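Only one chain is included here, represented as structure tokens and corresponding to the form deposited without the partner chain.
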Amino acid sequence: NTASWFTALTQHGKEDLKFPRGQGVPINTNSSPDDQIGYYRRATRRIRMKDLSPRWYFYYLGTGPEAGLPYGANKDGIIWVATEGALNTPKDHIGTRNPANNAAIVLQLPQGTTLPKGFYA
């Protein structure tokens, strides 16, 4: 099974995640500036049905459950982020995580990043 490389953002409001134009890409010192572009995918969970808080997981462009999705496409539960000068190419070489060999990276955002209302890590 596959997984995000990073820990997910939890939603504490009726808001749909959305960053300012140049923010949102989680830090990863082991990737190049060309690779800093992807999407957050919302994951819902119900429990007893009581609906839990939605979590958003980041996947590099061209990987993850929506690997075939071009950057910018409009789909429910998919929002896009990219930092200045990233390449609009699939990041197949980074891929997705296998929890059997690697644990998730703690999601961190660059300094001066503004998280929207009701979103925390």
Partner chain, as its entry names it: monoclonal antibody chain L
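Whichever C-alpha set is largest while still superposing within 1.5 Å between the two forms counts as the rigid core. Residue numbers count along the first chain shown, from 1. Residues that one form lacks are left out of the comparison.
The entry shows a gap from residue 48 to residue 49, with 4 to 9 unmodelled residues of the deposited sequence in between. Just going by the entry, 99 to 107 versus 15 to 23 on mean CA temperature factor gives the higher value to 15 to 23. Just going by the entry, 89 to 97 versus 29 to 37 on mean CA temperature factor gives the higher value to 29 to 37. In the deposited entry, the Cα temperature factor of residue 83 sits in the middle third of values across the chain's modelled residues.
When all modelled residues of the chain are sorted by CA temperature factor, residue 63 is found within the lowest third. The PDB entry assigns residue 7 a C-alpha temperature factor belonging to the middle third of its chain's modelled residues.
Omitted from view is the form solved in complex with the partner chain, to which the following refers.
Along 101 to 119, a non-hydrogen atom within 4.5 Å of the partner chain in the deposited complex is carried by 106, 107, 108, 109, 110, 111, 112, 113, 114, in order along the sequence. For residue 113, the Cα coordinates differ by 2 angstroms or more between the shown form and the other one after the core has been superposed. Once the core is fitted, the segment that moves between the shown form and the other one, counting only runs of three or more residues with each CA displaced by at least 2 angstroms, is 113 to 120 alone.
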